[PDB]
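The lines below spell out each chain.
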Amino acid sequence: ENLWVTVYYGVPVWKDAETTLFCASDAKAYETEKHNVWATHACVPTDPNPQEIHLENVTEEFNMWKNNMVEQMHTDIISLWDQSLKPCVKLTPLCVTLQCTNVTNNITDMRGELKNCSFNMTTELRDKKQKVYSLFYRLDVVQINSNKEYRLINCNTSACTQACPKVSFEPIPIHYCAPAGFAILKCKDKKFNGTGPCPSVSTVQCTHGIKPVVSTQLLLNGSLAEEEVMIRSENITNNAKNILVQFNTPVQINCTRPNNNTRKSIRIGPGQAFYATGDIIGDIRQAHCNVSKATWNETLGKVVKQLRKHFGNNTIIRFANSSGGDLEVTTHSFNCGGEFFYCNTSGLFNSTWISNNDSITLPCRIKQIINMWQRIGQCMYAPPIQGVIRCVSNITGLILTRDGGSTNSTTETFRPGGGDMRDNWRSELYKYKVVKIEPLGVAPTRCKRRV
Amino acid sequence: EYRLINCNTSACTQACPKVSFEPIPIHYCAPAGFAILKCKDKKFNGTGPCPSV
Amino acid sequence: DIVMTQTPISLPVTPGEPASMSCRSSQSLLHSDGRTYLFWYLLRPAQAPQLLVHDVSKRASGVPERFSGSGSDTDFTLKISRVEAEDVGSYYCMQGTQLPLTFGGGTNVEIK
Amino acid sequence: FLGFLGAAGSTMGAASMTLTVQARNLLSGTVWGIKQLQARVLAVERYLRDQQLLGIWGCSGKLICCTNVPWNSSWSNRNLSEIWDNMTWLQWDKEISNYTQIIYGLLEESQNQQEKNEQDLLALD
Amino acid sequence: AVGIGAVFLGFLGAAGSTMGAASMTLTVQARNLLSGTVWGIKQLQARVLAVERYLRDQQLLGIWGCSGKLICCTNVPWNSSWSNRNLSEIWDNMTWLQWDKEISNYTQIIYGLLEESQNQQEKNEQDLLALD
Amino acid sequence: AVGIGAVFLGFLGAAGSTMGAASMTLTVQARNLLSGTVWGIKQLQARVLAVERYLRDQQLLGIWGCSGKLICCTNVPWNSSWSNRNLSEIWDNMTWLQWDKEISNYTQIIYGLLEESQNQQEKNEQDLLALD
Ligand SMILES: *[C@@H]1O[C@H](CO)[C@@H](O)[C@H](O)[C@H]1NC(C)=O
Ligand SMILES: *[C@@H]1O[C@H](CO)[C@@H](O)[C@H](O)[C@H]1NC(C)=O
Ligand SMILES: *[C@@H]1O[C@H](CO)[C@@H](O)[C@H](O)[C@H]1NC(C)=O
Ligand SMILES: *[C@@H]1O[C@H](CO)[C@@H](O)[C@H](O)[C@H]1NC(C)=O
Ligand SMILES: *[C@@H]1O[C@H](CO)[C@@H](O)[C@H](O)[C@H]1NC(C)=O
Ligand SMILES: *[C@@H]1O[C@H](CO)[C@@H](O)[C@H](O)[C@H]1NC(C)=O
Ligand SMILES: *[C@@H]1O[C@H](CO)[C@@H](O)[C@H](O)[C@H]1NC(C)=O
Ligand SMILES: *[C@@H]1O[C@H](CO)[C@@H](O)[C@H](O)[C@H]1NC(C)=O
Ligand SMILES: *[C@@H]1O[C@H](CO)[C@@H](O)[C@H](O)[C@H]1NC(C)=O
Ligand SMILES: *[C@@H]1O[C@H](CO)[C@@H](O)[C@H](O)[C@H]1NC(C)=O
Ligand SMILES: *[C@@H]1O[C@H](CO)[C@@H](O)[C@H](O)[C@H]1NC(C)=O
Ligand SMILES: *[C@@H]1O[C@H](CO)[C@@H](O)[C@H](O)[C@H]1NC(C)=O
Ligand SMILES: *[C@@H]1O[C@H](CO)[C@@H](O)[C@H](O)[C@H]1NC(C)=O
Ligand SMILES: *[C@@H]1O[C@H](CO)[C@@H](O)[C@H](O)[C@H]1NC(C)=O
Ligand SMILES: *[C@@H]1O[C@H](CO)[C@@H](O)[C@H](O)[C@H]1NC(C)=O
Ligand SMILES: *[C@@H]1O[C@H](CO)[C@@H](O)[C@H](O)[C@H]1NC(C)=O
Ligand SMILES: *[C@@H]1O[C@H](CO)[C@@H](O)[C@H](O)[C@H]1NC(C)=O
Ligand SMILES: *[C@@H]1O[C@H](CO)[C@@H](O)[C@H](O)[C@H]1NC(C)=O
Ligand SMILES: *[C@@H]1O[C@H](CO)[C@@H](O)[C@H](O)[C@H]1NC(C)=O
Ligand SMILES: *[C@@H]1O[C@H](CO)[C@@H](O)[C@H](O)[C@H]1NC(C)=O
Ligand SMILES: *[C@@H]1O[C@H](CO)[C@@H](O)[C@H](O)[C@H]1NC(C)=O
Ligand SMILES: *[C@@H]1O[C@H](CO)[C@@H](O)[C@H](O)[C@H]1NC(C)=O
Ligand SMILES: *[C@@H]1O[C@H](CO)[C@@H](O)[C@H](O)[C@H]1NC(C)=O
Ligand SMILES: *[C@@H]1O[C@H](CO)[C@@H](O)[C@H](O)[C@H]1NC(C)=O
């Protein structure tokens, strides 16, 4: 009935696509003269106020387990960490034999944790040598066949780099923004499991502040829920998929290192220095972390109540400790002010639940030669820190796992897991999606072009 | 017994024995969309208006 | 300004032999729009001036298939193949690439 | 004000009045040293290709442009009454997506290529 | 009648002339907007920034009614509260540099909804074509 | 009916055919002008250059009166390049590759009579006509 093709430009149509995002950093702490391992000089300042646009009658489909933003964030974090350790001292001449002996002195019983080692080291002049001593943890030295012979644990895999002493490891919020022609969709559904149609879709200019916190078996300083404890998994039937838990209310954890350290500088070359622990003044005590018993019990009860819905109605829920493996996957590993902790989370996951001012002290261990990002051939030798360190944090999540069930029911045991850093950022980049705007369309009107 | 003066700060590179330190003139040009204005006054003193541009 | 030198000054040409002159400039005649501005003017006695060759090597109006010029930059030549009796007068080279417009010296051609 | 992509759930009759909002948002202005330098070039090239395609037709600098191609290839099987008042632009792309490569060639041969030829032979006289 | 290159006012050569005389030399400043490890990225960044900045003016000319045109007139009225002046003292006694500092804080109103009246000319034109 | 696809000439297919045939395939060659750390900078620079060349060509085609047309015929008489070939032996007995060799250096004095006497004079009179 006299209908002809009409071209419209600028129609609101979008399709799924993958692109590269950039920074947006707050200007409050952007101007300070403090260097961080996550660079800020290459990130543009953020907008003074975000622009939130609500979409009516729009129903999009999200999927938290197939998002490219997590992979891009992982690549950027790894690249930043690799770039932050370049311009300064490399500890190649430290692969020498050592004459180590027990520290003793004040031992509360840390019997063999610390060792007093002496060695020969080069000086600024090429033809002279100096004899110095340093204190090393038991997790860094390996005996080679009373003053016995020891050696560093990395002296047969790779000569590594010393951590730059001018940088800091404190996380800072990072915003990711899409380029022109691309939009970010935000799911505002409070009860969303990360996978499926979202009723409340809202166009957001960028993202919020996401702190790159590195931890295992627990989530520290994350995003809390709004209504109830949320359990999200890719396949709840499969036992080979990790389970992500989000806490409604955060519990408090305090960590400290009671020893008062003392850092001394040793010159190993022209313009190069090595930082060692000379003496410990005071008393020697173990590092520990504490969790309030009642708040943890209430949080675990809420987790059990919200976990009962998926599995059954009369099955018992049991919590056990880790199974085995490396030290980084069986302990709660984190960073407190520049010192790396490895805490024993065995008194936390120890309960059995039936359908019918105390604190929990967690012993921890400290290591100086670490190897993160699950790589082989690179270290990050953290220098000693003078004084006493303390940290107060929030526990706003869990990474649980399930064992192979027997008799198909009547028991379900959950133990903590971890190891992969993508699960840390999947818990925060779950409400976001990237789309590509297509502005060209055709529709039938009754125009005929003048001839 | 003596030592070099830099042995406690850095160990620095020798100068390449083929390069020379003779200066050569360098002209600076403007990109597209920009321009360079030259003051043709003979008694110019830096700060101040220039009537011959 | 830019000066023009014309060599020679007097060129006796036989009626029916090839002839050639030259003109040179102190500076490059290339203009910003990618053109070279050279004009060859024939100044016959008691007659209006005529433009023989414009833009170095391009034939102008008239010029009945006889006059031709060539040159790249700062060195230009004019060539006449079959000289007739009417080709008696003065020849000048003029620039147009930069003010002021400066003419050439001159080249008197007479029958020998 | 509805903002960028404001009329995404609105009908076709209310979404065609805000084309300018989404028209201007398609062109705005070592880690993080080559990311932007490769994203902006792609953003420019995606816009230039669309502006060349819209313009090898007869629609050069107009946001709404209606032509003289009959409605044969694109089988909507639906009348104008329930299209501009009972459907959004997102649902339209789901129906006509197979026929958007045999309708982009009828706008380049049956229109503004033939049409540009009788005009060249009519200003001749 | 063949052309002399000496009669050519160069780049910005009419910057001191009046507004009525500097308006016939727009092509000279129009054509210059599009000409041509470390120390190999900053030049590329400058070139990319120069390309995407010229396009933002051509898109702004895409709306309104001035596409592919240097001198284009519209039908937007001018009130006396912008510049109460005659036509014999703007185009004959004023420079383009002196005009861009008088009408400088009144340009966002002109550049906006007042001149984007083409939306009232594209829906007023397709309705006429849909009537035979 | 028709059910074959071998009749499609393709990109640069009509490069040996005459002028009258090569003028109906302009859209095919109009598409391919816009197609889509060491090595990374090399490829990125090539993309920027391609865009700049296209933008310069589209600016030249539009400083004249021909803004968005592939076949655009103007108001300049034919004396700029005095090729004595008439209309019959050009559009039927020659190709574009021989025409480009024929008018190769008489091409800068044609590009100057299209932006000075063709469009610049026309839009000045059109502006003055509505001014009255
Ligand atoms: C380590 O041994 C040195 C002697 O080599 C001694 O001076 C120092 O006090 C010892 N440090 C501790 C903590 O026992
Ligand atoms: C350091 O070298 C000396 C010889 O110069 C040796 O007597 C001493 O035992 C060495 N110290 C060690 C291996 O700790
Ligand atoms: C998430 O919720 C949706 C309901 O919209 C459901 O279809 C889906 O199975 C849920 N995912 C899991 C892993 O249970
Ligand atoms: C989820 O796990 C079950 C049980 O192992 C398996 O059969 C199924 O293929 C998995 N994937 C799904 C449901 O997408
Ligand atoms: C640790 O030792 C330093 C001196 O090195 C002292 O100033 C500080 O007060 C000590 N800290 C405690 C808690 O005793
Ligand atoms: C951690 O320390 C704060 C004081 O800074 C205290 O209020 C809180 O109870 C402590 N947490 C635990 C679990 O003891
Ligand atoms: C479990 O049983 C309770 C009643 O005891 C009921 O309210 C609840 O819906 C049941 N949950 C199921 C069947 O998943
Ligand atoms: C877990 O607890 C058992 C005691 O039942 C203990 O033997 C084992 O070493 C513990 N594993 C870890 C990783 O703490
Ligand atoms: C943690 O504690 C358990 C028992 O409390 C112990 O068997 C284990 O060796 C400790 N360390 C690790 C790394 O599991
Ligand atoms: C769990 O708690 C009980 C009661 O205190 C204790 O006997 C048991 O050893 C604990 N389990 C582990 C693995 O330490
Ligand atoms: C506290 O934790 C114990 C596990 O040792 C559990 O049996 C008890 O039910 C918990 N209390 C409450 C009120 O849930
Ligand atoms: C921990 O959570 C509380 C809210 O319960 C909040 O006030 C506090 O700032 C959080 N601490 C952080 C984010 O370090
Ligand atoms: C959204 O859907 C509701 C339910 O049909 C409808 O009443 C409303 O008009 C829709 N919104 C818009 C903007 O049309
Ligand atoms: C017009 O519609 C018929 C119906 O099938 C189809 O065969 C034909 O190809 C269409 N015309 C064009 C140009 O696509
Ligand atoms: C026009 O479309 C309507 C659907 O709204 C349909 O009922 C009617 O039959 C159509 N008319 C023709 C002539 O196809
Ligand atoms: C268009 O082609 C695709 C791919 O073969 C097909 O899936 C789709 O159904 C086609 N469109 C229609 C309307 O059938
Ligand atoms: C400068 O002003 C004078 C006024 O007498 C005018 O004649 C001259 O043309 C102006 N200069 C330029 C470059 O237009
Ligand atoms: C004319 O338009 C300007 C636009 O800024 C406005 O300020 C002024 O009041 C207007 N004068 C009228 C409407 O009389
Ligand atoms: C404009 O000129 C007229 C006479 O031509 C005069 O009456 C009027 O005052 C002038 N306007 C101004 C603002 O001077
Ligand atoms: C235009 O308004 C701005 C407002 O900040 C002011 O600074 C400026 O002086 C005004 N222009 C004139 C010519 O007064
Ligand atoms: C090639 O040349 C032959 C003879 O000159 C001619 O018949 C033929 O049409 C030409 N090819 C094309 C594609 O025009
Ligand atoms: C006009 O044609 C004549 C004849 O060839 C030529 O000499 C002259 O240069 C042409 N005009 C222009 C402006 O090129
Ligand atoms: C073109 O027309 C005829 C046909 O070839 C030819 O004789 C004539 O000389 C040509 N016209 C001119 C002006 O040369
Ligand atoms: C090219 O330019 C030269 C002068 O440099 C001239 O002699 C020749 O005729 C020109 N070629 C054409 C095809 O115009």
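Let me sum up the structure you'll find in this document.

The rules behind the values
Residues numbered from 1 in each chain as written, not as in the entry; some residues may be left out. Chains lettered and ligands numbered in written order. Part of a larger assembly, values for the part shown. Heavy atoms only, no water. Near = heavy atom within 4 Å. Areas by Shrake-Rupley, 256 points an atom, 1.4 Å probe, with all protein chains shown as cover. Helix = DSSP H or I, 4+ residues; strand = E, 2+ residues; numbered from the N terminus. Contact = heavy atoms within 4.5 Å. Buried area = accessible area lost by both parts, 1.4 Å probe. Salt bridge = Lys/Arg side-chain N within 4 Å of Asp/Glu carboxyl O. Buried < 20%, exposed > 50% of the residue type's maximum accessible area, 1.4 Å probe, protein only. Core = buried A, V, L, I, M, F, W, Y, C linked by side-chain atoms within 4.5 Å. Least-squares fit on C-alpha atoms. Disulfide = S-S within 2.5 Å. Pairing = 2+ DSSP bridges. Axes fitted to C-alpha atoms, helices over the stretch in contact; angles between N-to-C directions.

### A few points about the site of ligand 3
Piece 1. Near ligand 3, the surroundings consist of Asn193, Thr195 and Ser233 of chain A.
Piece 2. Starting from 370 Å² of accessible surface for ligand 3 in isolation, the protein chains cover 40%.

### Brief notes about the site of ligand 4
Piece 1. Ligand 4 sits among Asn235, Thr237 and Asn238 of chain A.
Piece 2. For ligand 4, whose unbound accessible area comes to 360 Å², protein coverage reaches 26%.

### A few points about the side chain of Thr20 of chain D
Piece 1. Among the structural elements, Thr20 of chain D can be located in helix α2 (residues 19-23).
Piece 2. Residues in contact with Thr20 of chain D, not counting those within four places in the same chain, are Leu63 of chain D together with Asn119 of chain E.

### What to know about the interface of chain D and chain A
Piece 1. Counting residues at the interface gives 53 residues for chain D and 46 residues for chain A.
Piece 2. Buried area between chain D and chain A, both sides added, is near 4900 Å², and the carbon and sulfur share of it is 68%.
Piece 3. Its largest share of buried area at the contact with chain A, chain D owes to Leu5, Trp32 and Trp89 of chain D, together 16% of the area lost on that side.
Piece 4. The shortest N-O distance in the salt bridge between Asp76 of chain A and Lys35 of chain D comes to 3.3 Å.

### Quick word on the pattern of salt bridges
Piece 1. Tallied over the entire structure, the rule returns 35 salt bridges over all chains.
Piece 2. Among the salt bridges present, the one from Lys436 of chain A reaches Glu438 of chain A, with a minimum N-O distance of 3.9 Å.
Piece 3. The class for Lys436 of chain A is partly exposed, based on a relative accessible area of 22%.
Piece 4. Measuring nitrogen to oxygen at the nearest pair gives 3.4 Å for the salt bridge that ties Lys112 of chain C to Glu17 of chain C. With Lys112 of chain C in the segment after β10 (108-111) and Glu17 of chain C in the loop between β2 (10-13) and β3 (19-25), this pair connects stretches of sequence that are 95 residues apart.
Piece 5. Overall, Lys112 of chain C belongs to the exposed group, its relative accessible area being 59%.
Piece 6. A residue is classified by how much of its surface remains accessible, and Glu17 of chain C, at 28% relative accessible area, is partly exposed.
Piece 7. Through salt bridges that share partners, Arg44, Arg66, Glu84, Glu86 and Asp87 of chain C make up one connected network.

### A word on the nonpolar core
Piece 1. Counting 63 residues, the largest nonpolar core has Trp14 of chain A together with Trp57 and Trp89 of chain D as the members making the most contacts within it.
Piece 2. Looking at which element gives the most residues to this core, the answer is strand β1 (residues 4-16) of chain A, with seven residues.
Piece 3. For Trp89 of chain D, the contacting residues outside a window of four places in its chain are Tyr8, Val11, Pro12, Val13, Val442 and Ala443 of chain A together with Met12, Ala15 and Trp84 of chain D.
Piece 4. In this structure, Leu114, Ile280, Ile284 and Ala287 of chain A belong to the second largest nonpolar core, which totals 45 residues.

### A short note on the relation of the copies chain E and chain F
Piece 1. Relative to chain F, chain E is turned by 118° and slid 0.2 Å along the rotation axis, the superposed coordinates differing by an RMSD of 2.3 Å. The transformation just described matches what one would write down for a three-fold rotation axis.

### Examining the state of the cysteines
Piece 1. Under the counting rule described, the total for this entry stands at 16 disulfides over all chains.
Piece 2. Bridging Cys66 of chain F to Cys72 of chain F, the disulfide has an S-S length of 2.0 Å. An S-S torsion of about -75° defines the bridge between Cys66 of chain F and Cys72 of chain F as left-handed.
Piece 3. According to the relative accessible area criterion, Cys66 of chain F is buried, its value standing at 4%.
Piece 4. Of all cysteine sulfurs, the one in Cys72 of chain E lies closest to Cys73 of chain E, which takes part in no disulfide; the gap is 6.2 Å.

### A short note on the sheet that holds strand β9 (residues 89-95) of chain C
Residues and elements named next belong to chain C.
Piece 1. Strand order across the open sheet formed by six strands is β2-β10-β9-β4-β5-β6, with mixed pairing between neighbours. Of all the strands in the sheet, just β2 and β6 (58-59) have a single pairing partner and so form its edges.
Piece 2. Summarising the sheet, β9 and β10 pair through two bridges and their orientation is antiparallel. Counted as the bridge partner of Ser90 is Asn108 from β10.

### Thoughts on the sheet that holds strand β7 (residues 67-71) of chain C
Residues and elements named next belong to chain C.
Piece 1. The strand order across the open sheet built from four strands is β1-β3-β8-β7, with neighbouring strands paired in antiparallel fashion. Edge strands, defined here as strands with exactly one partner in the open sheet, are β1 (4-7) and β7. If you compare each strand with its neighbour and ignore which way they point, the axes differ by 20° on average.
Piece 2. Across five bridges, β7 lies against strand β8 (residues 76-80) in antiparallel orientation. Counterpart to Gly69 in the pairing with β8 is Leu78.

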